[PDB]
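Structural overview
Listed here are the chains, written in short residue letters.
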Amino acid sequence: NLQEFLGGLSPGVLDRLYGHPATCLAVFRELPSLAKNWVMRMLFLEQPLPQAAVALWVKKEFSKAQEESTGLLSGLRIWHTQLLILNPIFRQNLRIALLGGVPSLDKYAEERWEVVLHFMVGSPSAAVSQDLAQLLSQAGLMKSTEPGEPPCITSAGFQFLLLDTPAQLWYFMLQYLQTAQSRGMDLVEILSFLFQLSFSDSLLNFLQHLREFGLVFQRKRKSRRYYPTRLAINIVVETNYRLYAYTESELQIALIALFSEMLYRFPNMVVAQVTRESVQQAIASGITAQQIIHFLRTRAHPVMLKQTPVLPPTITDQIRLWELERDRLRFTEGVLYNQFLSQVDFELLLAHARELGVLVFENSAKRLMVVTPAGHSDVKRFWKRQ
Amino acid sequence: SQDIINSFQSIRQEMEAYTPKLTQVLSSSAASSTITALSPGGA
């Protein structure tokens, strides 16, 4: 998430983050429902309106949406109390955004982003670039635990493949930005460059990393200005468990084979089947069934996006019901103690058990108290010393 | 029928000098008094 990242941030960088076409429009574009209205209401104000006014500008019904909006709207430090006048760096630059102060671009972007995703599958046509292999392993989706001639794919890397095409890119830049403070440059200029791309000397080196995934297009080996792509903006399924997919890209076929089984492959169509033994083959590594349903609703055919609710409901809970066969027998670790004839002491131990947060289960007949072994080394000291 | 032929004349010459945007759309004084107008204690 974007506002998850900007919430855990100091005010010393947000004031210099606010450039005129890039950042002030980007944070304004992600404000939940009603925070976009209050910024536009006091955009042309200069005197601070009183603090009790914005509580009364909503109805009593939907009053709970008022505080979660301004909790974020003050969390990003847009206004303050001032006694709610907006930030003078934010109000000025957002008012600049209200008028103040070529198929080669697209086909290159898809084939350059597909070879990034082909690195996360077994393929000899991998993205041969050693800076990207160490970039992914410190992000936590390419397990090695060795030097390794291939790099492996962990459980989080399986969940990365079924995320949405804008949504997987925001998870990818957030691990680029979190580590660039000690190996790259300042966070301020790289983040405001992405938002200006959405519509110094070290910043050219960041441009050559976007050249690998595909968000810019050089075409003449590091010329003066770049060319942004469509990646820099931010199939059917049946009742009888068959899904027909009109794709021919080899990446999109192996993404179906994670949770289906292939039984024909024509040109321009691949028919597979969602079965019990194939979803549970994916859940056993963990690609859990809330991600399978979101994979097919964002990649649906136009004939599926009709008057019916997409992903018809027999198949959207049968995948959920096949997840719950792993949910039986949840194991958890504990240590027991029993065999005391004192009819107060098992009740006396409750005052020494619950306050550490180590007790698991409570009983009322024989009163079995179970403690985790991480918290068992100190409860044995209390029993022998009264 | 004397004021129609000149008011239509006066609006034709007005549409050459055009589009100020920054400060000529609102003022800080009038917009602040409008907050008192739509408040629950105003009109």
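Cut-offs applied
- Sequence order as written determines residue numbers, which begin from 1 on each chain and need not coincide with the entry numbering; residues that lack coordinates are not included.
- Labels are handed out in written order, letters beginning with A for the chains and numbers beginning with 1 for the ligands.
- Chains on display form part of a larger assembly; values are given for the displayed part and nothing beyond it.
- With hydrogens and water stripped out, all remaining heavy atoms of the structure feed into the side-chain values.
- Residues with missing side-chain atoms are left out of burial classes, side-chain pairs and their counts.
- UniProt positions are given in the numbering used here, feature names are shortened, and annotations may be inferred rather than shown by experiment.
- Within this scheme, the nonpolar core is defined by two criteria: the residues are buried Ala, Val, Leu, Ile, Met, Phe, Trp, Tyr or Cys, and they are joined through side-chain atoms within 4.5 Å.
- Only protein chains enter the calculation, and the probe is 1.4 Å; a residue is then buried if its accessible area is under 20% of its type maximum, exposed if over 50%, and partly exposed in between.
- Helix numbers and strand numbers start at the N terminus; a helix is a DSSP run of H or I with at least 4 residues, a strand a run of E with at least 2.
- Note on contacts: a residue pair qualifies if any of its non-hydrogen atoms lie within 4.5 Å across the two residues.
- Here an axis means a line fitted to C-alpha atoms, over the contact stretch when the element is a helix, while the angle between two N-to-C directions is reported on a 0 to 180 degree scale.
- Here the angle decides the label: under 35 degrees means roughly parallel, over 145 means roughly antiparallel, 65 to 115 means roughly perpendicular, and every other value means oblique.
- Just so you know the grouping, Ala, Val, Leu, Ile, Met, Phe, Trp, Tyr, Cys and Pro go in nonpolar, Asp, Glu, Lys and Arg go in charged, and all remaining residues, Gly too, go in polar.
- In what follows, salt bridge is the name for a side-chain nitrogen of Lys or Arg lying within 4 Å of a carboxyl oxygen of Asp or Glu.
- Any pair of nitrogen or oxygen atoms within 3.5 Å is treated as a polar contact; in protein, a donor-acceptor pairing is required on top of that, and neighbouring residues in sequence qualify only through side-chain atoms on both sides.
- Patches draw on residues past 30% relative accessible area with no salt bridge. Two like charges within 9 Å are joined, as are two nonpolar side chains (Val, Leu, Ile, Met, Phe, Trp, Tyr) within 5 Å.
- The protein chains shown are the only cover counted for residues, whose accessible areas, like all others here, come from Shrake-Rupley with a 1.4 Å probe.
- Whether two aromatic rings pair depends on their centres lying within 6.5 Å, for rings of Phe, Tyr and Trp, where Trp uses its six-membered ring; planes under 30 degrees apart make the pair stacked, over 60 edge-to-face, and the rest tilted.
- For a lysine, the NZ atom is tested; for an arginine, the CZ atom; a charge sits over a ring if that atom is within 6 Å of the ring centre and within 35 degrees of the ring normal.

The PDB entry annotates chain B as General transcription factor IIH subunit 1 originating from Homo sapiens. The title line of the PDB record says "Core TFIIH-XPA-DNA complex with modelled p62 subunit".

As annotated in the PDB entry, chain A carries the name General transcription factor IIH subunit 4 and comes from Homo sapiens. In its Subcellular location section, the UniProt entry covering chain A states "Nucleus". Quoted verbatim from the Sequence similarities field of UniProt, the annotation for chain A is "Belongs to the TFB2 family."

Another aspect to go through is the nonpolar core. Residues and elements named next belong to chain A. Counting residues in hydrophobic clusters, the biggest one holds 98 residues, and the most contacted among them are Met120, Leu136, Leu210 and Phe259. Ranked by residue count, the leading element in this core is helix α11 (residues 187-197), at eight residues. Dropping the residues within four chain positions of it, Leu210 is found in contact with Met173, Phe193, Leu197, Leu215 and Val216. Counting seven residues, the second largest nonpolar core, distinct from the first, contains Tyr337, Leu349, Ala353 and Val358.

Turning our eyes to something else, we now look at the packing of helix α7 (residues 104-117) of chain A against helix α12 (residues 203-213) of chain A. Residues and elements named next belong to chain A. Close contact between α7 and α12 brings their axes to 6 Å; oriented N to C, the two are set at 90 degrees. Taken as axis vectors, α7 and α12 run roughly perpendicular relative to one another. Of the residues in α12, those in contact with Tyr108, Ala109, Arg112, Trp113 and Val116 of α7 are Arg211, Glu212 and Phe213. Grouping the amino acids of the contact of α7 with α12 by side-chain chemistry returns five nonpolar, no polar and three charged.

Time to look at the interface of chain A and chain B. Counting residues at the interface gives nine residues for chain A, matched by seven residues for chain B. Put simply, chain A and chain B have zero salt bridges between them. Between the two partners, chain A and chain B, sit one residue pair in polar contact. Of the residues in the side of chain A that touches chain B, the class split is five nonpolar, two polar and two charged.

Attention now goes to a nonpolar patch on the surface. Judged by side-chain polarity, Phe8(B), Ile11(B), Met15(B) and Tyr18(B) come together as a nonpolar surface patch covering roughly 500 Å² of accessible area. Its place among the elements puts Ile11(B) in helix α1 (residues 4-14).

Residues and elements named next belong to chain A. Under the defined criterion, the tally for this structure stands at 13 aromatic pairs over all chains. Judged by centre distance (6.1 Å) and plane angle (50 degrees), the rings of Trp170 and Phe195 are tilted. In this pair, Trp170 is assigned in helix α10 (residues 167-183) and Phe195 in helix α11, connecting sequence segments 25 residues apart. Ring geometry for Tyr264 and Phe266: centres 5.8 Å apart, planes at 15 degrees, overall stacked. According to the relative accessible area criterion, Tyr264 is exposed, its value standing at 52%. Taking relative accessible area as the criterion, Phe266 reaches 43% and is therefore assigned partly exposed. Clustering of aromatic rings is evident, with ring pairs tying together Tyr176, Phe193, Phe206 and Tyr226. For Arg41, the ring lying beneath its charged end belongs to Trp57, and the centroid distance is 5.4 Å.

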